[PDB]
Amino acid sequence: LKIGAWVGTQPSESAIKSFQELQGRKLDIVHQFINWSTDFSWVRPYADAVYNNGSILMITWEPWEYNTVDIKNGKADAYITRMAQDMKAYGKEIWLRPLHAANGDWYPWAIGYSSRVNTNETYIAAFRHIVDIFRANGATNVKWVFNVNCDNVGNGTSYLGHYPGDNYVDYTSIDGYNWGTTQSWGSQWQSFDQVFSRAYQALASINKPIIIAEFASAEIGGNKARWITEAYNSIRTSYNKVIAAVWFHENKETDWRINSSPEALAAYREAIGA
């Protein structure tokens, strides 16, 4: 079980080192989010810091700038091609997670998104197109991460309708959160198992290893410290295809941070292990 995080900001050398110090352990995976108007030259100083630390960089690559119709039709290809050439030249093993949470309704490339422009077909053609361009440019170092949100949210969404095939995927991944009672829509406290079991059952049918790419717990509505202890136990005990757990450390929709309380931090430090 590799331990990773988005550390709440872009992973400069100091942000990586600070989070490592905070959690009392090596970060095996450092997570970054970038959009589709960011070139690799902007990524480079962060990647150099990650690799100099001896970590793997996972990039969630968010095309706010191009929907799946745009992408499948080649309208982003200059930008994709430059990224693939630059990543190949860089040479280091990078985990790339494009077009994530497509079984939700909140990103403009997602199948559930309310413009209705993204379908299983446009999504798969888009994802395959990206991978084809990277392979054409020799970027064998880039490992492809397929993703689902823990719940299917929005019309038309499913765990695998948008799956582009094992020939296009190195890892699958699940994101999900215990929102506790924090959201006025009526969120409730959920254990790790209540959050993740359904998505895991669907992905466990695919012969690829699984990453928990984004997860955290709120403080409100239950005991976050115990939730952390029990979540890592659950991962190790019953989610055996999961090979990495990548916390989402940011005080954002709620205080997802590992140090949202002293008790949560103590639990996290213990749970992640040696």
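All residue numbers are counted from 1 along the displayed sequence.
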Query raised in the report: Would 98-106 or 178-186 have the larger average of its C-alpha temperature factors, as given in the entry?
Result: 178-186
Report task. Between 200-208 and 125-133, name whichever shows the higher mean Cα B factor according to the PDB entry. Result -> 200-208
Report task. Just grab whichever of 52, 217, 234, 32 has the top CA B-factor as deposited. Result -> 52
Query raised in the report: For the listed residues 60, 240, 37, 68, which one has the largest C-alpha B-factor as given in the deposited model?
Result: 240
**Report entry** Entry-reported Cα temperature factor of residue 159, expressed as the chain third it lands in
**Finding:** lowest
Query raised in the report: Should residue 113 be placed in the lowest, middle or highest third of its chain by the C-alpha B factor in the entry?
Result: middle
Report task. Classify residue 191 as lowest, middle or highest third according to the C-alpha B-factor given in the PDB entry, relative to its own chain. Result -> highest
Query raised in the report: Among the modelled residues of its chain, does the C-alpha B-factor of residue 227 lie in the lowest, middle or highest third?
Result: middle
Query raised in the report: Based on the entry's values, in what third of the chain does the Cα temperature factor of residue 173 lie: lowest, middle or highest?
Result: lowest
